[PDB]
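Below you will find one chain, with nothing else, as structure tokens; this is the form deposited in one PDB entry, and questions on how it binds or moves follow later.
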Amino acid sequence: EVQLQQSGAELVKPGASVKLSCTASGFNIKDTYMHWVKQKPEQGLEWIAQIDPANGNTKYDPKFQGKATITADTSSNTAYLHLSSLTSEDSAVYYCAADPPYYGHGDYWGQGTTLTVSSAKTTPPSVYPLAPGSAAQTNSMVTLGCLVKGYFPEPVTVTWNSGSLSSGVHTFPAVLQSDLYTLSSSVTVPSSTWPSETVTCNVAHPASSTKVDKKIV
């Protein structure tokens, strides 16, 4: 397949810099134009810069001047994006794109490289169970939950009963509160079989190599 392969996810402290890469297979980048596009968390698309690898000529959106540097290496068939003096405003998914390299087909976009700029330290989440308090008068089904709080960085993996419970589950997008993330997950199961058949919330935080099993009681 023709495709653009980008380097892995980046987690960088503010004030630092980072160089992202994008390698083409199936065509030579010197035969087209390479671009980098930024998409801020939950936002639209912003063109950053363009480069013609055959001569190195570049174009930049004025607002990234002094921040972004695009370069390319035709021998490795790779385009690069350098970002300096990183700030939280730089946190975003960065895509490299190539104008259509062949007639009859469209353009190509890499899978994206997530860049997170934060000074926060790696922190494992505090996993708290959410069990019904009041007498609970919800006849056929019951909703339980889990609160995954104060962790960094993303992501955390949440499953119920080790992946066996997958229907009626709602794992909400994490929210940032003071450099640290917090998320919650709810699961609804027949009340006839709870708490007889235990419901456990399994939270995994890769970055801190933690895995907690909080049983709802």
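Rigid core: the largest C-alpha set superposing within 1.5 Å between the two forms. A residue's number is simply how far along the shown sequence it sits, counting from 1.
The question of which stretch, 110-118 or 137-145, has the higher mean Cα B factor is settled in favour of 137-145. When 59-67 is weighed against 172-180, 172-180 comes out higher, by mean CA B-factor as recorded in the entry. Looking at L86, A92, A131, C96, the one whose CA carries the top B-factor in the deposited record is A131. Highest CA B-factor among the listed residues (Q43, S185, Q50, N28): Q43.
The PDB entry assigns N202 a C-alpha temperature factor belonging to the middle third of its chain's modelled residues. Placement of the Cα temperature factor of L165 within the chain: highest third of the modelled residues, per the deposited record.
Residue-level temperature factors show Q5 in the middle third of its chain, judged at the C-alpha atom. Among all modelled residues in this chain, the alpha-carbon of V158 has a temperature factor (C-alpha) in the highest third.
Placement of the Cα temperature factor of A54 within the chain: middle third of the modelled residues, per the deposited record.
Not pictured, yet referred to below: the form deposited in another entry.
In the core-superposed comparison between this form and the one not shown, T87 has its Cα shifted by less than 2 Å. Core-superposed comparison between this form and the one not shown: the Cα of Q137 travels 2 Å or more. With the core superposed, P101 shows a C-alpha displacement of at least 2 Å between this form and the one not shown.
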